[PDB]
Chemist: 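Input: one structure, supplied below.
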Amino acid sequence: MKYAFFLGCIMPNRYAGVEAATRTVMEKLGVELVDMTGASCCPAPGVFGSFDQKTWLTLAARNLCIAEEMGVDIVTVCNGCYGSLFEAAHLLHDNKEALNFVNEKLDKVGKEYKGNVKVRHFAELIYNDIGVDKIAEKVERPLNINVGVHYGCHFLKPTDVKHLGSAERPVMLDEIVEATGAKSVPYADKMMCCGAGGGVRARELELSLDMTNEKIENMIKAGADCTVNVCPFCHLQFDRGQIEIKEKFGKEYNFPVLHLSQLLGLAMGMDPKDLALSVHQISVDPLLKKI
Amino acid sequence: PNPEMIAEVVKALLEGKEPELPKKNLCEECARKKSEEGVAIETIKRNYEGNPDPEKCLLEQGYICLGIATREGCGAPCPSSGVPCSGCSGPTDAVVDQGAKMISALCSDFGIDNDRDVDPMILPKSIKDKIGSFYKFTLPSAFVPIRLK
Amino acid sequence: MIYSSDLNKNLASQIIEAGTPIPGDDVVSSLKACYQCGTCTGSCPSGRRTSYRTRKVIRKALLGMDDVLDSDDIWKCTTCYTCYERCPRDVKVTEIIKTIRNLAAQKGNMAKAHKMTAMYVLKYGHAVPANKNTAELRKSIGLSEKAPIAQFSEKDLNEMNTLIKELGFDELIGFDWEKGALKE
Amino acid sequence: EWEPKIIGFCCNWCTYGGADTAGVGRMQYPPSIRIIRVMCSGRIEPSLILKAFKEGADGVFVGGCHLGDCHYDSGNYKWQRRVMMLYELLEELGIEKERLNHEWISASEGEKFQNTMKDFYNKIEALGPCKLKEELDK
Amino acid sequence: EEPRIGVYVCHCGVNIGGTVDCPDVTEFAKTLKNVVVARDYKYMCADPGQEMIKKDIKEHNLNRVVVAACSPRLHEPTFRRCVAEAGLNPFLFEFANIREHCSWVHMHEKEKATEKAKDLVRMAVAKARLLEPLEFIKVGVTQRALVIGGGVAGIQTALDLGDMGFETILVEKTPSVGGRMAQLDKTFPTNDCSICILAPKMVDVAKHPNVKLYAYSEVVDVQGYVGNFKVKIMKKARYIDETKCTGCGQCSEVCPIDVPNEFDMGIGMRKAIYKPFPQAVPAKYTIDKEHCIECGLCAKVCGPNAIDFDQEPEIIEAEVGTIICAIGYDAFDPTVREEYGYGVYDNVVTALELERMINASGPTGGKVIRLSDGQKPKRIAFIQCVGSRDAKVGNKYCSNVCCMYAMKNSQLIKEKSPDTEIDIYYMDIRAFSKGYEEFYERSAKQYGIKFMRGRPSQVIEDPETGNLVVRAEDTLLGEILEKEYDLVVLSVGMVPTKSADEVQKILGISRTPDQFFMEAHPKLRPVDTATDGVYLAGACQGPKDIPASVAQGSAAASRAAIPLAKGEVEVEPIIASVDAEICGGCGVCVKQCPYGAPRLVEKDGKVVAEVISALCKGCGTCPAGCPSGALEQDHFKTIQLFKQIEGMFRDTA
Amino acid sequence: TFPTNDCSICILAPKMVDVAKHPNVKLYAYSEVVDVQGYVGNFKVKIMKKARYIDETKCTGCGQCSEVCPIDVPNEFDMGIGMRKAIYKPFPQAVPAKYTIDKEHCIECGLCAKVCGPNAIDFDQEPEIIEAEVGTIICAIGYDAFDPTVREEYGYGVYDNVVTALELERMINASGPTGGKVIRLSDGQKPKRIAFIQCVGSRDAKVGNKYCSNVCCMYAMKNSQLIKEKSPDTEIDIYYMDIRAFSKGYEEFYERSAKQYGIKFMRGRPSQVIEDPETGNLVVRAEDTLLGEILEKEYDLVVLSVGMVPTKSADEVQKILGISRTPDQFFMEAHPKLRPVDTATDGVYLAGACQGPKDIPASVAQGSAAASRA
Ligand SMILES: Cc1cc2nc3c(=O)[nH]c(=O)nc-3n(C[C@H](O)[C@H](O)[C@H](O)COP(=O)(O)OP(=O)(O)OC[C@H]3O[C@@H](n4cnc5c(N)ncnc54)[C@H](O)[C@@H]3O)c2cc1C
Ligand SMILES: Cc1cc2nc3c(=O)[nH]c(=O)nc-3n(C[C@H](O)[C@H](O)[C@H](O)COP(=O)(O)OP(=O)(O)OC[C@H]3O[C@@H](n4cnc5c(N)ncnc54)[C@H](O)[C@@H]3O)c2cc1C
Ligand code: SF4
Ligand code: SF4
Ligand code: SF4
Ligand code: SF4
Ligand code: SF4
Ligand code: SF4
Ligand code: SF4
Ligand code: SF4
Ligand code: SF4
Ligand code: SF4
Ligand code: SF4
Ligand code: SF4
Ligand code: SF4
Ligand code: FES
Ligand code: NA
């Protein structure tokens with residue numbers, strides 16, 4: 001299994017521990033990660049897709065060409081990047097007018113998308129190709145904690161193009177998290193948005209925090225010890241959002257936020273130092289005393 | 001054309017009569033045994049493959065015999081001599097394209113006993129030289145008489 | 001009171017035009033299949049805590065109320081795709097909202113924060129670029145001091161800068177290359 | 001300037017009805033095809049298809065009942081065996097496989113018929129004209 | 001004889017003329033060889049158009065006619081009658097489809113639509129030249145009818161045909177007749193018990209001198225054509241002698257096996273030995289062997305000793321002239337609309353499950369209770385359009401009856417329990433027939449039933465109480481509602497019955513986009529199918545209510561009675577025949593026929609193929625596969641199709 | 001005709017032609033039943049063959065007479081939108097294809113007899129009373145369109161550009177008085193903006209019609225599609241309460257009307273229609289119930305989707321047959337479900353719109369159902 005690793009922005013430049021965790025976890029599961037030299041912002045669809053669809057797709061196609069030139073598929077650990085590149089790719093394969101538009105612009109740079117790139121999400125790649133059983137085989141330290149699983153919206157949706165099963169009652173992440181020994185607690189409005197998507201975090205911060213607060217509150221009521229996501233954007237919203245909720249509304253939860261690769265990492269027998277948990281706005285130390 | 005047929009034609013014109021060619025396909029004249037239930041082909045064989053039964057119809061045995069899409073009159077010496085008909089007398093008066101009609105017939109009876117389940121890709125893959133199999137003597141008179149380049 | 005003089009009969013067609021060829025004429029023209037059932041509004045996470053009503057956006061597009069382009073409400077959509085997924089008339093709701101946002105952006109209705117994020121992607125190539133603390137954090141956990149990304153490749157940074165100029169995205173956000181910042 | 005010349009063979013019970021349904025529904029599609037009615041796709045054979053190419057067809061379309069839905073129980077199974085051989089015979093004659101298209105379209109599948117006509121027109125239009133008649137007239 | 005053609009281009013008002021330049025197509029037809037006269041008229045099928053054709057056939061001594069208009073599948077029979085009245089053989093007439101196949105699909109390309117119509121006219125003219133005069137095949141009609149499905153529609157067809165004096169066979173799949181109507185408590189708009197209208201009809205159909213009822217039976221095979229159908233009916237084994245059984249029900253009281261009753265939609269239980277419902281007809285019992293353990297307790301109790309475990313199924317062979325399909329429908333399974341929680345939440349039920357709960361003789365004794373705790377719900381929500389008007393489930397049609405049955409069942413709940421809060425979440429209230437709008441007014445005015453215009457986004461259960469919350473926008477207030485209910489009823493739509501695919505194959509009939517059976521024409525022939533001798537009646541033709549179903553059953557009886565009363569019908573002479581002078585007996589044709597019409601015979605001391613005219617349906621498969629050209633089907637000869645192909649590119653000579 | 005959008009002629013004209021030449025059908029056109037005595041199986045009927053003042057046997061329907069007639073009479077078939085002559089044929093595809101003279105307006109100038117080759121005109125012709133014995137009677141007298149003059153706030157009969165949907169059917173008809181052109185009656189111009197007002201004379205207690213007329217949602221969407229086919233730039237709005245597209249292919253026809261033809265729908269029953277005296281344009285006052293705002297959009301033409309009411313002659317037929325009426329005033333079936341086409345009077349059946357508001361598919365089904373019952 002050889003895949004071009006799209007990093008994005010938030011993971012490599014801020015929550016770099018997610019990158020280290022993914023690198024090791026994917027190596028342990030028989031996956032070779034190749035560098036996408038020159039890869040830029042996916043670009044973030046919240047701003048780019050809302051500002052100009054033409055510019056979002058052209059820059060997304062530019063990044064798809066980098067993996068196409070290498071002759072490998074793409075793998076990402078972000079719903080934002082997954083949604084941006086997967087939907088960009090699907091559109092260039094399905095719509096000839098959109099492909100022709102983009103290629104006229106890409107021709108000015110010396111690139112041309114040909115439609116041979118497949119975009120994968122590591123959680124989906126783990127479930128469908130590798131197998132959940134292979135996760136459990138590599139568990140060195142079983143995690144005896146309750147996890148508030150946050151799928152995020154851009155992982156399974158739009159279902160018409162993603163084809164990763166139901167986005168209403170999914171089981172994918174619940175089984176991957178449970179392989180580590182953790183328990184995926186059912187909580188109210190489990191499939192709702194964290195509130196950051198569509199550039200809402202930046203434009204309407206209070207609105208985004210109201211939704212994050214609802215999710216955190218619901219997870220806590222369900223006995224969750226932490227939250228697990230598959231998106232640095234969700235991660236930032238749950239982690240930094242808690243500081244912003246404390247500052248604006250005075251509500252304190254001290255609810256640890258982890259990316260699935262970091263959770264998997266701990267179970268694989270990784271040193272929490274490599275996971276860069278000290279970079280998190282909300283300390284994960286209380287959770288480390290429970291695992 | 002057999003000598004006797006050439007004489008009959010010329011003799012008819014000498015007598016101010018209209019020449020009449022035989023109208024049927026070769027199976028009537030052929031001495032091979034045909035099944036009352038009809039033709040059913042299980043597999044397609046090249047002329048060198050297997051060992052043909054000298055009494056049973058060669059088409060029923062899986063060999064491409066053009067007798068079905070060829071006018072009678074020759075006496076069917078080829079099947080009688082142990083080899084399938086190559087269709088050298090050409091088609092009947094009711095068939096313009098001999099090869100097209102032969103292909104139609106062959107495709108229809110191929111796997112007819114397992115009609116709904118026979119894989120339709122078997123026959124095309126079995127015949128490596130389609131034009132040479134069905135148009136040895138009549139390519140120029142076919143609907144598509146050339147290879148486009 | 002709403003008069004015919006207060007409406008734009010071509011609003012829907014103008015939204016479809018903007019959505020052609022990306023995300024597609026078929027995709028954005030789906031707004032014409034809406035039968036105002038409200039499934040989108042009841043599914044909206046943002047509508048539960050604001051005055052935002054998803055079907056009113058589609059209603060205003062069909063009715064011709066162009067004030068929808070000046071609306072703060074269209075920017076409350078998180079693009080969760082729940083409306084898109086549940087619409088019984090196959091209206092590609094989330095895509096129509098994004099296309100409406102494109103016309104709102106063209107008219108100047110863009111937030112500084114979004115314009116700042118767009119500027120970081122053309123200048124540094126990334127919405128969240130690397131800082132001095134990144135280099136320190138990355139090397140401390142076994143990673144390369146600098147990630148193999150556009151931020152450190154003048155080749156790829158120039159490629160994007162050529163595309164941004166060809167698309168006119170620099171003019172859209174109001175970015176000047178001599179000044180090296182967002183004008184006005 | 002040039003518009004492809006397409007000929008269609010549609011069975012009365014299903015595809016001819018499917019073409020009728022597209023019409024009743026005002027489902028627009030390109031005006032290159034001219035449909036010929038037959039009672040069953042089982043009536044179609046290589047001679048008719050090859051005859052269409054000789055006359056100047058850039059594309060040939062054949063529509064029948066879904067496998068198992070033939071009005072005459074199994075006529076479409078015979079046609080399916082014939083068309084598979086025909087695709088390869090055409091390639092040997094230098095006629096692109098893609099200039100022949102066969103589909104199973106029911107009596108009410110107007111949308112499918114419409115989209116099939118659009119797709120087949122774009123495929124022939126992209127291939128350009130068939131030069132058979134140009135070469136035979138020389 | 002040299003052909004003399006008359007070409008007639010129709011405008012169909014503006015349906016053709018608005019896109020295609022008909023007068024130009026008419027002048028083009030005049031340039032074609034053998035065209036003596038060419039004319040265009042607004043409506044060729046109308047009186048002036050038909051007389052115009054008949055006049056020219058006589059006046060210009062025409063021997064061929066071409067009509068460039070609609071599809072032959074619509075008016076080929078009408079123009080055939082028209083030309084035959086003027087003395088022209090009906091098979092010397094050819095249709096050019098320039099409406100469905102041209103004007104209606106090339107509206108935005110008028111110049112190319114016109115060019116195309118000219119080619120289609122030249123193609124019809126080309127085939128016309130080589131058409132031959134043929135004679136319609138006169139066939140006898142067996143004086144007997146077959147009705148498939150013993151529901152309200154099927155019972156009506158059988159009672160009407162029987163009342164006219166025709167022998168009729170009524171086949172019913174389950175142990176009893178009655179259909180879904182029997183499962184309903186009351187019926188809108190009168191609010192009569194379904195029993196009131198149905199039970200007397202079930203009683204009558206089971207004792208009718210001209211009706212042979214085959215309950216617990218299925219049609220397993222149908223061969224033949226109009227007036228001459230050969231049918232095989234599988235009388236399934238009840239493992240009880242109907243002649244000896246008295247339906248006393250003593251056996252069911254002692255049976256130890258409990259099986260979920262299918263009639264009660266998985267709410268109520270029954271025994272391995274059972275009767276679908278107490279008013280079932282025939283009033284006989286049945287043993288379900290899937291669950292029967294052969295304990296023998298029912299036989300000790302059975303006085304007439306009617307129980308017979310060794311009983312085997314019987315295949316009955318019947319000859320019939322006409323067939324009526326009245327297999328009804330099945331309720332949509334809302335498990336797929338996951339946001340509503342059907343199959344997850346206990347208190348989310350379908351409207352058909354409610355019909356059984358509310359029914360006086362139902363499993364709860366007419367009590368509407370929650371499954372979670374067996375309590376009576378004080379607050380109920382009805383969710384409309386479940387599995388209808390929905391592209392996500394693939395059902396973009398209106399199920400017709402769900403607005404009315406939700407308002408009806410809501411009235412019943414108010415009659416039984418006036419304090420109950422009832423809300424109906426709808427998009428459009430479709431109370432469109434006689435007394436329906438009034439029933440809707442009365443539901444709100446007299447019964448206090450509330451209506452929320454808003455399609456719900458989702459249903460959510462409170463895990464501690466089992467109560468449900470309905471998330472929906474009140475579109476008339478522009479606000480989001482989150483009302484709590486004790487029970488949620490999904491007004492499920494109608495889908496074809498599970499066995500519809502089996503019946504479709506047996507009869508050889510088509511389906512409309514909604515998947516229900518297809519009528520020949522929505523207005524020309526609403527209960528006929530394109531397959532002669534096969535008709536439709538009831539919900540299997542499309543979602544509808546009882547009044548409409550009964551009307552269709554009566555309409556299907558009239559349509560099916562025509563060929564029976566006539567005692568003779570004409571069938572198309574498009575049959576295959578061998579030219580014995582060309583056939584050398586290669587045997588290629590024999591196995592290609594599904595009906596075995598071609599046979600190798602000996603004529604003049606030589607083997608030759610010969611077609612049994614009666615077994616040939618006219619598909620054209622063996623002529624297409626004949627390598628000698630000896631086989632030709634009339635009206636679709638190779639030479640006729642060859643001319644038609646040439647016609648697209650050029651004129652003859 | 002919806003939902004197929006076939007010409008009404010396509011399905012009807014061949015059936016009219018067939019019924020007029022059927023060996024077992026005796027067609028008495030321009031005739032009325034004036035008396036019915038007896039009971040089931042033994043009815044004695046008197047049919048008055050009204051005088052056309054033209055010999056049907058000699059007449060060839062050439063129409064030369066109508067070109068020279070000096071009397072102009074409003075065409076009833078064209079709903080007052082067209083003028084016809086004293087000597088006339090209802091429509092060009094009429095069956096029997098014979099002419100008739102309207103004596104109420106005929107002045108006996110004699111010009112038509114001068115152009116009548118077969119000399120078929122006969123002013124001395126008298127009506128004939130035919131006596132027939134029948135076993136069963138089927139009533140299929142149809143319906144009449146509601147007269148919206150009573151809903152005064154809509155301005156029908158006051159404003160020139162306010163028309164009924166049945167008047168539109170005639171304006172839009174290829175063989176209509178305008179040659180298939182939808183024009184304003186004020187200036188003869190084609191309207192660029194049209195409004196359809198639903199439930200006119202239906203679902204209304206103020207006019208005494210609390211029933212649904214069944215077909216007006218579908219015919220408003222249909223006629224709106226035809227206007228879009230003829231003139232794509234036309235702005236069309238349908239003011240409705242509920243869209244009742246309930247039968248096979250109807251919901252799809254409604255989806256298609258909006259998606260393919262761009263027809264707009266306003267959920268709101270209009271309060272009133274107001275004319276601008278200077279332009280003849282109309283304004284429709286209505287609340288968009290889905291926005292909670294009041295609309296006052298201007299239109300060049302307003303079409304009232306009038307409901308169905310019993311035919312004018314229904315009272316005469318009711319008395320002759322001895323049958324009852326339901327609260328909607330249409331004829332009463334023995335039982336909505338037990339016997340939908342029978343009446344409580346044995347030997348008398350019902351078929352079509354006279355039994356209640358319905359569409360063509362339903363009417364044809366009832367005609368077939370009544371044939372079985374009779
Ligand atoms: C919840 C609900 C409430 C309703 N309420 C009303 C109401 O109040 N008023 C109203 O008018 N309508 C109502 N309807 C609609 C009504 O049920 C139908 O209009 C009516 O039952 C149609 O009758 P049918 O004979 O066409 O079909 P069905 O009633 O479905 O009967 C079909 C019959 O055919 C049999 N059958 C099926 N397959 C085969 C086979 N392969 N071989 C032999 N037999 C077969 C079945 O066993 C059954 O007996 C309601 C529908 C639902 C779902
Ligand atoms: C504007 C409008 C548009 C419509 N569009 C459509 C559509 O697109 N599709 C559709 O399906 N339906 C449509 N409808 C409904 C459709 O017109 C009716 O369903 C249909 O005409 C009913 O047929 P009928 O024979 O029962 O009644 P009618 O068509 O009214 O025929 C009744 C006949 O009986 C005759 N008659 C009356 N009184 C007497 C008497 N005393 N003695 C003898 N004869 C008498 C009349 O002259 C008439 O010919 C529309 C209705 C309207 C008003
Ligand atoms: S062998 Fe060739 S020719 Fe002789 S019978 Fe079989 S097919 Fe006809
Ligand atoms: S090949 Fe020529 S000779 Fe030999 S059998 Fe066939 S036709 Fe007769
Ligand atoms: S859901 Fe689809 S149809 Fe219902 S309102 Fe929202 S968009 Fe319009
Ligand atoms: S996508 Fe935008 S609008 Fe549709 S639901 Fe999520 S947020 Fe509300
Ligand atoms: S035998 Fe089978 S059926 Fe008769 S009682 Fe014992 S179990 Fe119930
Ligand atoms: S079986 Fe014996 S017992 Fe059960 S009912 Fe029929 S008769 Fe009475
Ligand atoms: S009847 Fe009422 S509920 Fe049933 S589908 Fe049609 S509209 Fe929705
Ligand atoms: S296929 Fe043609 S030739 Fe062979 S037997 Fe049948 S008819 Fe005679
Ligand atoms: S034509 Fe079709 S049906 Fe008639 S015989 Fe040949 S194969 Fe059998
Ligand atoms: S039906 Fe066919 S023939 Fe009659 S008018 Fe419409 S098109 Fe011309
Ligand atoms: S006579 Fe009466 S009818 Fe003849 S023209 Fe003079 S007016 Fe018209
Ligand atoms: S003129 Fe004489 S014939 Fe010609 S129409 Fe008038 S009446 Fe009938
Ligand atoms: S059908 Fe539509 S318009 Fe006609 S009354 Fe019922 S609702 Fe009003
Ligand atoms: S009838 Fe359509 S393929 Fe046989
Ligand atoms: Na009986």
Side-chain angles (χ1 to χ4, degrees), chain E residues 11-15 18 42-43 45-48 50 70 74-75 78 107 160 164 187 189-190 192 197 389 396-398 400 428-438 441 475-478 512-514 516 521-524 526-527 542 544 546-548 550-552 554-555 557-559 561, chain F residues 1 3-7 9-11 13-14 16-17 92-95 97 173-175 180 202-203 210-212 214 229-230 242-252 255 289-292 326-328 330 335-338 340-341 356-358 360-362 364-366 368-369 371-373:
Chain E
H11 290 235
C12 195
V14 285
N15 268 326
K42 266 206 181 308
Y43 312 102
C45 65
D47 176 75
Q50 291 196 41
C70 51
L74 180 67
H75 284 314
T78 87
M107 293 190 175
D160 277 14
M164 282 180 206
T187 55
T190 62
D192 266 305
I197 311 313
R389 310 186 55 189
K396 301 164 175 184
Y397 55 84
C398 171
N400 193 255
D428 298 284
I429 290 300
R430 309 204 155 146
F432 53 84
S433 193
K434 197 189 245 183
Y436 289 28
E437 176 68 9
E438 299 92 323
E441 173 186 35
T475 67
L476 308 184
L477 285 178
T512 29
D514 61 358
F516 283 88
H521 189 274
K523 320 198 195 80
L524 201 73
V527 296
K544 61 186 67 71
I546 297 157
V550 170
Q552 275 197 329
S554 285
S558 167
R559 298 299 298 177
Chain F
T1 56
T4 63
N5 278 5
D6 273 296
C7 263
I9 285 291
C10 310
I11 311 313
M16 299 163 50
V17 158
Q93 297 71 218
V95 172
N173 191 293
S175 322
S202 296
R203 310 186 54 190
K210 301 164 174 184
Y211 55 85
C212 170
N214 195 270
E229 283 186 340
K230 289 176 178 275
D242 299 283
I243 290 300
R244 301 191 164 163
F246 53 84
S247 201
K248 196 189 245 183
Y250 290 27
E251 177 68 10
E252 300 92 323
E255 173 192 346
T289 67
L290 308 184
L291 285 178
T326 31
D328 61 355
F330 283 88
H335 189 274
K337 320 151 157 151
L338 201 73
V341 297
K358 61 185 67 71
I360 297 157
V364 170
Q366 275 197 328
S368 285
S372 167
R373 298 298 298 177

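Values below: all heavy atoms of this structure, side chains included; hydrogens, waters and symmetry mates excluded. The sequence lines fix the lettering, A, B, ..., with proteins before strands; numbering per chain opens at 1.
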Chemist: Taking every non-hydrogen pair under 4.5 Å, which of E:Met107, E:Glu441, E:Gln552, E:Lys42 racks up the most with chain F?
Modeler: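 Most heavy-atom pairs within the cutoff with chain F belong to E:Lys42.
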Chemist: Output, in order, the C-alpha distance, side-chain angles, deciding distance and verdict of side-chain contact (heavy atoms from CB on, under 4.5 Å) for F:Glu229 and E:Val14.
Modeler: CA-CA 10 Å; F:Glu229 283 186 340; E:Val14 285; over 6 Å; no
Chemist: Distance from E:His11 atom NE2 to F:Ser175 atom OG, nearest 0.5 Å?
Modeler: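 One finds 10.5 Å between NE2 of E:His11 and OG of F:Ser175.
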Chemist: Between E:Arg430 (side chain) and F:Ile243 (backbone), is there a donor-acceptor pair under 3.5 Å?
Modeler: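 Indeed, once roles are kept as given, a pair shorter than 3.5 Å links the two residues.
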Chemist: Tell me, for E:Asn15 versus chain F, whether the close heavy atoms (under 4.5 Å) come from the side chain, the backbone, both or neither.
Modeler: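 When you check distances to chain F, only side chain atoms of E:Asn15 fall under 4.5 Å.
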Chemist: Identify which part of F:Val341 has an atom lying under 4.5 Å from any heavy atom of chain E, answering side chain, backbone, both or neither.
Modeler: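 Neither the backbone nor the side chain of F:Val341 comes within 4.5 Å of chain E.
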Chemist: Let me confirm one number: the CD-OG1 distance from E:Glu438 to F:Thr326, rounded to the nearest 0.5 Å.
Modeler: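 It is 9.0 Å, given to the nearest 0.5 Å.
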Chemist: Would you check if the side chain of F:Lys337 reaches a backbone N or O of E:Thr187 as a donor-acceptor pair within less than 3.5 Å?
Modeler: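 Yes; judged by distance alone, with no hydrogens or angles, the pair exists.
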Chemist: Which heavy atom of F:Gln93 sits nearest to which heavy atom of E:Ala46, and what is that distance?
Modeler: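 Looking at all heavy atoms of both residues, the shortest contact is CG-CB, 3.6 Å.
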Chemist: Would you name the heavy atoms of F:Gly356 and E:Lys434 that are closest together and state the gap between them?
Modeler: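 So the minimum-distance heavy-atom pair works out to CA-CE, 4.3 Å.
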Chemist: I need the residue from F:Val364, F:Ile360, F:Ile9 with the largest number of non-hydrogen atom pairs under 4.5 Å to chain E.
Modeler: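 Looking at each of F:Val364, F:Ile360, F:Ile9 in turn, F:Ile9 comes out on top.
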Chemist: Between E:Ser558 and F:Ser368, which heavy-atom pair has the shortest distance, and what is it?
Modeler: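 Minimum heavy-atom separation between E:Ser558 and F:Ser368: CB-O, 3.1 Å.
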Chemist: Main chain of E:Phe432, side chain of F:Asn214: is a donor-acceptor contact present, judged purely on distance under 3.5 Å?
Modeler: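 Present.
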Chemist: Looking only at heavy atoms, what is the nearest atom pair of E:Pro547 and F:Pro340, with distance?
Modeler: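 Smallest heavy-atom distance, with atoms named: O-CG, 4.1 Å.
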Chemist: Tell me, out of F:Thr1, F:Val95, F:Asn5, who's got the most heavy-atom pairs with chain E below 4.5 Å.
Modeler: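 Going by pairs under 4.5 Å, I would pick F:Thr1.
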Chemist: Do you know which two heavy atoms are closest between E:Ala557 and F:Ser372, and how far apart they sit?
Modeler: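 Of all heavy-atom pairs spanning E:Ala557 and F:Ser372, the closest is CB-OG, 3.6 Å.
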Chemist: Heavy-atom pairs under 4.5 Å with chain F - which of E:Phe516, E:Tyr43, E:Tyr397, E:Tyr436 has more of them than the others?
Modeler: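 Looking at each option in turn, the highest pair count goes to E:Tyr43.
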Chemist: Could you give the distance from CG (F:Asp6) to SG (E:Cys12), rounded to the nearest 0.5 Å?
Modeler: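 Rounded to the nearest 0.5 Å, the CG-SG separation comes to 7.0 Å.
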Chemist: To the nearest 0.5 Å, tell me how far F:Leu290 CG sits from E:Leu477 CG.
Modeler: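 CG of E:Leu477 is found 11.5 Å from CG of F:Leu290.
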Chemist: Considering all heavy atoms of both residues, which atom of F:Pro14 and which atom of E:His75 are nearest to each other, and what is their separation?
Modeler: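 Closest heavy-atom pair between F:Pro14 and E:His75: CG-CE1, 3.6 Å.
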Chemist: So which part of E:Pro513 gets closer than 4.5 Å to some heavy atom of chain F, the side chain, the backbone, both or neither?
Modeler: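 No part of E:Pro513 comes within 4.5 Å of chain F.
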Chemist: Give the member of F:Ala13, F:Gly180, F:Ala365 that has the highest number of heavy-atom pairs under 4.5 Å with chain E.
Modeler: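 The residue among F:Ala13, F:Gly180, F:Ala365 with the greatest pair count is F:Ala365.
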Chemist: Between E:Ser433, E:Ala548, E:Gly435, E:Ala431, which shows the greatest number of heavy-atom pairs under 4.5 Å with chain F?
Modeler: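 It is E:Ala431.
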Chemist: Tell me whether F:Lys230 at atom NZ has more than 12 heavy atoms from other residues, nucleotides or ligands lying less than 6.0 Å away.
Modeler: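 Yes, the 6.0 Å shell around NZ holds more than 12 heavy atoms from other groups.
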Chemist: How long is the span from the CG atom in E:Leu524 to the OG1 atom in F:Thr4, to the nearest 0.5 Å?
Modeler: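 Going from the CG atom of E:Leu524 to the OG1 atom of F:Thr4 covers 10.5 Å.
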